[PDB]
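**Student:** Return a 3D structure for these sequence lines:
(one chain, ligands or ions: 2)
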Amino acid sequence: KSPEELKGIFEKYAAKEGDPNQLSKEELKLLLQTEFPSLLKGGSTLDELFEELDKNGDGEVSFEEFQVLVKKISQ
Ligand SMILES: [Ca+2]
Ligand SMILES: [Ca+2]
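**Tutor:** Residues are numbered from 1 along each chain as shown. Ligands and ions are numbered 1, 2, ... in the order given. Let me share the structure:
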């Protein structure tokens, strides 16, 4: 799924809960569940995965750091 998809995915889901802009750890959950269940051919759990994803801040991800996901979908 191209950059132009994933850009539209991230934004919509980042706005699931109170905040419009970041992906919370518990917000990534729903995202993954709906859109990536078969794509997660790994061992990594949510929290472990989030903790690759979020550079060093610790509360919520945003598209910036989500580009690690955009890489790892080829991984
Ligand atoms: Ca949010
Ligand atoms: Ca962050």
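**Student:** how much space is there between residue 69 and ligand 2?
**Tutor:** Applying C-beta to the ion, to the nearest Å, the value for residue 69 to ligand 2 is 13 Å. To be clear about C-beta, it is placed using only N, CA and C from the backbone, and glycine gets the same treatment.
**Student:** let me redo that: residue 23
**Tutor:** 9 Å.
**Student:** pretty sure that residue is touching residue 68, no?
**Tutor:** No. In this structure residue 23 lies outside contact range of residue 68 using C-beta atoms under 8 Å: 11.8 Å.
**Student:** neighbour count winner among those two?
**Tutor:** residue 23 (27 against 16; other C-beta atoms under 10 Å).
**Student:** ok, which stretches of this protein are helices?
**Tutor:** 3-14, 25-35, 46-53, 63-72 (DSSP state H).
**Student:** Can you tell me which helices and strands the longest one packs against?
**Tutor:** So the one you mean is helix 3-14. strand 23-24, helix 25-35, helix 63-72 (3 or more C-beta pairs under 8 Å, 6 or more residues apart in numbering; DSSP states H and E).
**Student:** Apply 10 Å and report the result again.
**Tutor:** strand 23-24, helix 25-35, strand 60-61, helix 63-72 (3 or more C-beta pairs under 10 Å, 6 or more residues apart in numbering; DSSP states H and E).
**Student:** between these, which one is nearest to residue 41?
**Tutor:** Closest to residue 41 of those is helix 63-72 (C-beta to C-beta; 10.7 Å).
**Student:** mind listing what whichever residue of the chain sits closest to ligand 1 touches?
**Tutor:** Relative to ligand 1, the nearest point of the chain is residue 19 (3.6 Å; C-beta to the ion). By C-beta atoms under 10 Å, 6 or more residues apart in numbering, the contact list for residue 19 reads 27, 59, 60, 62.
**Student:** give the contact list for residue 48.
**Tutor:** Residue 48 touches residue 42, counting by C-beta under 10 Å, 6+ apart.
**Student:** Try it again at 8 Å.
**Tutor:** For residue 48, the contact set (C-beta atoms under 8 Å, 6 or more residues apart in numbering) is empty.
**Student:** Same check on residue 10?
**Tutor:** So residue 10 contacts 23, 63, 66 (C-beta under 8 Å, 6+ apart).
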